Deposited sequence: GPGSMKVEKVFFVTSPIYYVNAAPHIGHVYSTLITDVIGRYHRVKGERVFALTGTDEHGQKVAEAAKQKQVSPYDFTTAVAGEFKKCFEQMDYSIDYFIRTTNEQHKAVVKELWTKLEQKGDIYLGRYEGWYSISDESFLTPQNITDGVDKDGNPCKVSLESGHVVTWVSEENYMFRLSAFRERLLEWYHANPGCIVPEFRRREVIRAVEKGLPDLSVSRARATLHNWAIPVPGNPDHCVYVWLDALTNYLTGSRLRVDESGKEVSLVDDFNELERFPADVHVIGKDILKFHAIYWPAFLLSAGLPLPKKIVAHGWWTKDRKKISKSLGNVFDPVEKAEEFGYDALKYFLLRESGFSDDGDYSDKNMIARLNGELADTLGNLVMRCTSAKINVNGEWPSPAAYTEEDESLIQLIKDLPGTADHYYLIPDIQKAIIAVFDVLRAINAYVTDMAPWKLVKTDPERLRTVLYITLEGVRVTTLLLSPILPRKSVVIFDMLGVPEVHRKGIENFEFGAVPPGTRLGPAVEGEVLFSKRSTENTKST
């Protein structure tokens, strides 16, 4: 099925300002989207804001503004932050959007017509901050903001309260077997693998039914009303998860405003998501509830959910650090430092070590070497003479790299993709050191042509595969190398030899990444 590659971030609660968590999740979404564009595919990358619910209305109340003004202001802050971070997200969705509300109503009605929503009761614990129902085994003793004794969540440490309400209930318990079939038939559907095992164990234990409405007073009336029952409001998570469906059905103009909601998702060829990017805190909502809703509605299930090691929901301001160290460099660092865990060093010390060691010394040094007037005297891509075995060993690494990096990007595992590209960059550097092309200008011009050609081509291929990570710097490198625009994307240009000998380098001025103390 040739379709639009559909990648999403979570939609973030607007109770507080954009921080590194949100920026990280959206960065991952962006990188995946960029890689598929570089590959030549149609892409739709989605991000946005989750604006309804008790938690947002209470944050608005604290600031003494109306929820409408509060959500609009904070959404504006998220939008500004993502523009400054230089993402290439196709659409920014807000759950206050009238087209989103219509989709929530259609989905609700569909679930109700199937017999999967009934009127019942929830009596149990609830975390307002997580918008999450909890069994007594997921709570323990703790303290509130003040310090008085209370119950808290085992998941997040936030305060829990006992709720007793008549609620519309989704028959989640009826979907246990089908969810387990789905996990087993699609063993790459949740990444990384240990998070997939966690989900399976949880569903094997048994699933209760899920409350999907609340009484309107509890939510301070700041929510989507239930169709045909205005005393109730739709659970912020059914509302929130539905953004992915809404997003898949919006025609978007050249400036990013939604202009139209289509009736059938197949018309735009996005649904279901190829990758849902999430933090580990919302795994259950995405890997249990969401597919159960989709199964109930007869809608297709997402292909992959990737859950990263950070939380989604001592200051670290990403825009400040990016102004200090560079935007591409910060993005590189966030993606290189952590895989699917928290155990990872985010200090100025480590940022500088990676900036200096990998970006400046490995990549940047190598870009300057192969384009300098001292070594590349004609300022062009030379024609290679015959290859030695050592030449062939490096060429083989360069040729294998696109296949290797591609598999990593598709897992997705961006850290391993970066590591694989840099392994090849290190090998190119070792080769340049062995061949001493600076000596070869005088001693053996015929040999230098071969060495310089291989070096230029290794730099091109590595840079192409790093272009989703370093989108601006990749453009600078390609300009220095004189790579025509047509050769800067497309799977055809993953092949060794795509830029012919005779191609002129770009003009010189001059640093790519400047080292720090």
Item to check | Missing C-alpha runs, given along the deposited sequence, first residue counted as 1 | outcome: 1-6, 320-329, 526-527, 536-542
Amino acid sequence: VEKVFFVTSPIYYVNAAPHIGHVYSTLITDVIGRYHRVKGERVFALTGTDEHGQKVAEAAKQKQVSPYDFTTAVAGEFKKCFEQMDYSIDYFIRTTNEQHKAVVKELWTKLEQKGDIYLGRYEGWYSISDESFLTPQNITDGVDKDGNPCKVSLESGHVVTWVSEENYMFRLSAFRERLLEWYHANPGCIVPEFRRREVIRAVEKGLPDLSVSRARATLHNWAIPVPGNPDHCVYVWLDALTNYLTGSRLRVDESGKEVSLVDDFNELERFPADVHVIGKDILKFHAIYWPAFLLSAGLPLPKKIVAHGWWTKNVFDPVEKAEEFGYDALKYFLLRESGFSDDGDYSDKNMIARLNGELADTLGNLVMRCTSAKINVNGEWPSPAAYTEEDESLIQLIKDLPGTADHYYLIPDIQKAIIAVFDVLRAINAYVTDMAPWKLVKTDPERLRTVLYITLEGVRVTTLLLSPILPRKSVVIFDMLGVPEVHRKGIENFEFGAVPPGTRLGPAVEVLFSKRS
From here on, numbers count along this sequence of modelled residues.
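For the two forms, the rigid core is made up of the largest set of C-alpha atoms that agree within 1.5 Å on superposition.
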Next on the checklist: Out of 336-344 and 414-422, which one drifts farther from the shown form in 9 other deposited structures of this protein in terms of CA positions, with the fit done on the rigid core?
Outcome noted: 336-344
Checklist entry - When the core is superposed, where do the C-alphas shift more in 9 other deposited structures of this protein: in 303-311 or in 136-144? => result 303-311
Item to check | Segment of higher mean CA temperature factor, 93-101 or 319-327 | outcome: 319-327
Checklist entry - Looking only at CA atoms, which has the higher mean B factor in the entry: 348-356 or 118-126? => result 348-356
Checklist entry - Considering only 229, 415, 186, 221, which residue's Cα atom bears the greatest B-factor as recorded? => result 221
Next on the checklist: Looking at the C-alpha B-factor values in the deposited entry, which of 260, 167, 109, 404 comes out highest?
Outcome noted: 260
Next on the checklist: Ranking every modelled residue in this chain by its Cα temperature factor as given in the entry, which third contains residue 385?
Outcome noted: highest
Next on the checklist: Among the modelled residues of this chain, does the Cα B factor of residue 453 put it in the lowest, middle or highest third?
Outcome noted: middle
Checklist entry - Hey, what third does residue 312 fall into on Cα B-factor, ranked over its chain? => result highest
Item to check | Ranked C-alpha temperature factor of residue 148 among modelled chain residues, by third | outcome: highest
Item to check | Third assignment of residue 301 from its chain's C-alpha B-factors | outcome: middle
